[PDB]
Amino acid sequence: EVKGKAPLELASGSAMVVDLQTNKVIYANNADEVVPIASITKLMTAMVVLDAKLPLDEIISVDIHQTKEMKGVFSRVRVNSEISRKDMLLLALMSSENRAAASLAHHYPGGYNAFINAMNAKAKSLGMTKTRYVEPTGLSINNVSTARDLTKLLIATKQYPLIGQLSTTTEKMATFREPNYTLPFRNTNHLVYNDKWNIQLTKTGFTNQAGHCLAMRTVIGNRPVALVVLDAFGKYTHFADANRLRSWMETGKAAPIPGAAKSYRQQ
């Protein structure tokens, strides 16, 4: 086992992997490039809700009128219908449900604008100096961060067990009222159904401008790690990069990335 690990090369534009028991960087590539993070915004939305210590069992209404980016966006979640704050957090984290994420910011002491301000105040308190939030869903391309800043956010999520628990929920039959209707929801990360993965927290995002993004807390062997991959050009490049990091940390062997991925990065 003296051989050692061969050079690791991911296909994603930016990436960072950190040991959560020492906060030491395992891998870093262009980790300071500002990029749109889309639905990874919902991790901050959940943190802001949990910091307010609002009752999770409270039944709240679907309200999205202050989120301009939600205008005209399709959702199976009906406006004015109601479900627990905990269920709205679950839908936002497991399924990236945009109306659920927006509704959480419309049921916050101090109002919607205060919620957005609290998102930015939390980023500042965590040293996320290149991060900016303008709305709670991630639909805005102006929700930006870096692989390093999202690593700081993943480290902070350790202090909020419910974020990781709801984000790794495999499926959920959600029951709403006003009026009554039930919706089936599944996790956006197929890796949660793979028994070869040990995931504590997972969140994905996608924009046409930067492509696929993935932030996860996972146990690889006997090492809890934070994994952030951003600007993944190819459709499953983010999941493939996670599998590359995992297989590499287990065997020390790295898989050569495809030409199309190699091209995008080199450009």
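Numbers follow the displayed sequence, beginning with 1.
*Asks:* Got a sec? Mean C-alpha B-factor, which is higher, 116 to 124 or 185 to 193?
*Replies:* It is 185 to 193.
*Asks:* 60 to 68 versus 44 to 52: which one carries the higher mean Cα B factor per the record?
*Replies:* Per the PDB record, 60 to 68.
*Asks:* For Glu178, return the chain-relative third of its C-alpha B-factor as stated in the PDB record: lowest, middle or highest.
*Replies:* Within its chain, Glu178 is a highest-third residue by C-alpha B-factor, going by the deposited values.
*Asks:* Thinking about Cα B factors across the chain, which third does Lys203 belong to?
*Replies:* Lowest third of the chain for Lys203's C-alpha B-factor.
*Asks:* Within this chain's modelled residues, let me know which third the CA B factor of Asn222 belongs to: lowest, middle or highest.
*Replies:* Highest third, going by the recorded CA B-factors of the chain.
*Asks:* Check where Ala232 lands among this chain's C-alpha B-factors and tell me if it's the lowest, middle or highest third.
*Replies:* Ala232: CA B-factor falls in the middle third of its chain.
*Asks:* Going by the entry, which third of its chain does the Cα temperature factor of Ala28 land in?
*Replies:* Tercile = highest for this residue's CA B-factor.
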